[PDB]
Structures are given as structure tokens and as C-alpha cells.
Amino acid sequence: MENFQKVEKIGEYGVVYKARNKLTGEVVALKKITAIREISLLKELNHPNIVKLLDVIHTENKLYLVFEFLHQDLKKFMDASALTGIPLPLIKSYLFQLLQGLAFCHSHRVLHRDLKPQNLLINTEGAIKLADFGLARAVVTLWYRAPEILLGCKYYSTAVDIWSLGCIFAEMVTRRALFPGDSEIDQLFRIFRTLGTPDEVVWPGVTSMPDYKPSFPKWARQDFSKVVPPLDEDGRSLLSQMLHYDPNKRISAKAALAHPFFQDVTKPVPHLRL
Ligand SMILES: CN(C)CCCNS(=O)(=O)c1ccc(Nc2nccc(-c3cnc4cccnn34)n2)cc1
């Protein structure tokens, strides 16, 4: 690690730093944290929409991960685009690319588990990539947590990543977080108030989940025309399938890529202020 010089703090698994390789002049993203094996497995998991894991350094009982450096994260970009909003064509491009990244990771049996604007990175060329993948297996925000996780499911599936991405999708479109909960129960009830309290009809087996309680209030479902007004009908049908209660009914990344919404997708370049 004496080969790297910290430049600035990026965020805080561990803390992430923007650093410089004094043995190449290369700029990278440095994260300071059975594990060794799992981590080494992610270094082979390469794709255009996944932040590349360059090296793993295990020393002094400490674990350091070296990642390629990207220009800005989605949280900052959304804040910067708050006045006029991100153009629809760019929103569509970002969603399409992220679905490609998830389709790839999911085909390799790897899930993210904690997708959020903060770990989605973009560059001046118009690309977007997933970061902090698989690490989630080797104050925190609950806004993007899938309902099966909140209800105590022990062995959830790749479907949890689709739910998180759907929430991010809605947020780029409306400039408002879909389910901004500040506690697990508040998060769960916010989802219920919008999508309706789930029951055995729409979600077989839900009433027998670890944290489900017959005493839950029973709210009715709302129309998506009210949830995401500026989104056209193809966008709304796609979003509804990404937000299905039953993990088994929720659309897969692969199936989503074939949805009508993407028939006119393109790759615009963002206006980034660095
Ligand atoms: C809270 N504010 C002070 C803003 C914080 C910084 N936001 S930013 O858009 O300037 C900005 C954010 C990120 C970058 N680069 C960059 N490249 C590659 C990776 C990462 C990055 C971030 N978490 C993680 C977690 C794991 C792995 N990688 N990894 N980050 C540049 C700029």
C-alpha cells in the first residue's frame, strides 16, 4: 500500500478513496476493508457495465481492493440534474446498460444485494457501471431494499437486484425517491401504501414469511399513472413487472432487455460537470 497515495475521500464494508499509483501514475479507486477466495473470484468477473477489479492486496491482516476509476456517481448526477431532470433517452440508455450488467452477473450466479445511486458510476462517454458487486456476500439506506428481504426471507434470489433497479428507474424519472423509508417497518409500510398490502392472491406464501404479521394494515393499490406520471405506457408496464411482489413473478434482467420499451434505445452523452 505504500505504492498508493490517497488523493481524496470518495465515500464510506469499508472506506473508498481516490488514489494514485506512484508506480505508474495511474488514478484508481481504493477500498479499505473464505473471504480471500470469494474476492479473488470477482476479479475474473469482467463486463463493460461492471467496474473492473484490478487487484486485491492482503497485508497486515488488512484487505485492500483496487478498482478502475470512473468520473462521477449517479447520486451526484441526479442532484445536479434536479432542475430540469435527466433526459428520457439518457435514462433509457442507463437502464438498458445496467440490465445488461445484471444479466451477466446473474448468469454467473452472482448477486449485488445493495444497489443504490451511490454505487452506480458514469463516465463522459455515456457508459454506466455497477460497483461493489459480490462484495455484499463476502446510516445505511433502506430505500431500495426488496420486500422479501424486509419480510425475513433467508435465501433470496437475483430478483432483489431487479427490485432495487426498478426503484432507481422511478427516481430518475420523477426526481423523487419512490420509497423513502427511515426504518424497516416504515420502509415496508411505504411499499404497502403504494403497491397494496400483499396477500396470498398476489404473493403465494407471503403470510408464512418469518416477519409477516396478520396484524399488518390492509392498504389498496394505486395506479402507476399517479406513481410515475412522466413515464410513457411502455415504461410503466416494464416498471410494474420489475416491482412485482412475488420474486418468482418479477421479471428477469434477460427478459427485461427484450421489452418494447427498449426498441428505440440509443446511447446519448451526458453533460457532466467535473
Ligand atoms: C458525498 N459527496 C461529498 C460526494 C462524494 C463523491 N461522489 S462523486 O460523484 O464526486 C464520485 C464518486 C465516485 C467516483 N469514482 C469511482 N470510480 C470507481 C469506483 C468508485 C466506487 C465508489 N464506491 C465504490 C464501492 C466499491 C467499489 N468501487 N467504488 N468510484 C468519482 C466521483
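Structure report, in brief. Each chain is numbered from 1 in the order of its written sequence, a scheme that can depart from the entry numbering, and any residue without coordinates is omitted. Hydrogens and waters are ignored; side-chain quantities use all the structure's heavy atoms. Residues with missing side-chain atoms are left out of burial classes, side-chain pairs and their counts.

Attention now goes to the packing of helix α5 (residues 159-174) against helix α8 (residues 233-242). Orientation is described by lines fitted to C-alpha atoms, with helices fitted over the stretch in contact, and by angles between N-to-C directions that extend from 0 to 180 degrees. For the purposes of this entry, the term helix denotes a DSSP run of H or I that reaches at least four residues, the term strand denotes a run of E that reaches at least two, and both are numbered from the N terminus. As a packed pair, α5 and α8 sit with axes 8 Å apart at the nearest point and diverge in direction by 145 degrees. Seen from above, α5 lies across α8 with left-handed handedness. Across from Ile162, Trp163, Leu165, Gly166, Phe169 and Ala170 in α5, the residues of α8 making contact are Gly235, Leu239 and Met242. Each residue is assigned to one class: nonpolar for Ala, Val, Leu, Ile, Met, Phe, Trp, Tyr, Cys and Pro, charged for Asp, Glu, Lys and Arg, and polar for all the others, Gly among them. Along the lines of polarity and charge, the residues of the contact of α5 with α8 split into seven nonpolar, two polar and no charged. Note on convention: the crossing is left-handed when the near helix lies turned anticlockwise from the far helix by less than a right angle, right-handed when the turn is clockwise. In this analysis, two residues are considered to be in contact whenever any of their non-hydrogen atoms come within 4.5 Å of each other.

With that settled, the discussion passes to the side chain of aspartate 186. Tracing the chain through its elements places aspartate 186 in helix α6 (residues 184-195). Here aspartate 182 takes part through its backbone nitrogen, which lies 3.2 Å from a polar atom of the side chain of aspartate 186. Those residues in contact with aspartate 186 that sit more than four places away from it in its chain are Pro180, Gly181 and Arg193. Counted as a polar contact is a pair of N or O atoms within 3.5 Å, where, for protein atoms, one must be capable of donating a hydrogen and the other of accepting one, and residues adjacent in sequence contribute only when both atoms are in side chains.

A few words now on the site of the ligand. Near the ligand you find 13 residues, and of these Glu68, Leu70, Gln72, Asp73 and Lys76 are the closest. In this structure, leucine 70 approaches the ligand through a main-chain N or O atom, which is 2.9 Å from a nitrogen atom. Within the side chain of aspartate 73, an N or O atom sits 3.0 Å from a nitrogen atom of the ligand. In this description, accessible areas are obtained by the Shrake-Rupley approach with a 1.4 Å probe, and a residue is regarded as covered only by the protein chains that are shown. Contact with the protein chains removes 72% of the 700 Å² of surface that the ligand exposes when unbound. Mapped onto the shell around the ligand, the elements with two or more residues apiece are β5 (62-68) and β6 (72-73). One heavy atom within 4 Å of a molecule or strand is enough for the residue carrying it to be called near that molecule or strand.

Read these as spatial facts, not as claims about activity.
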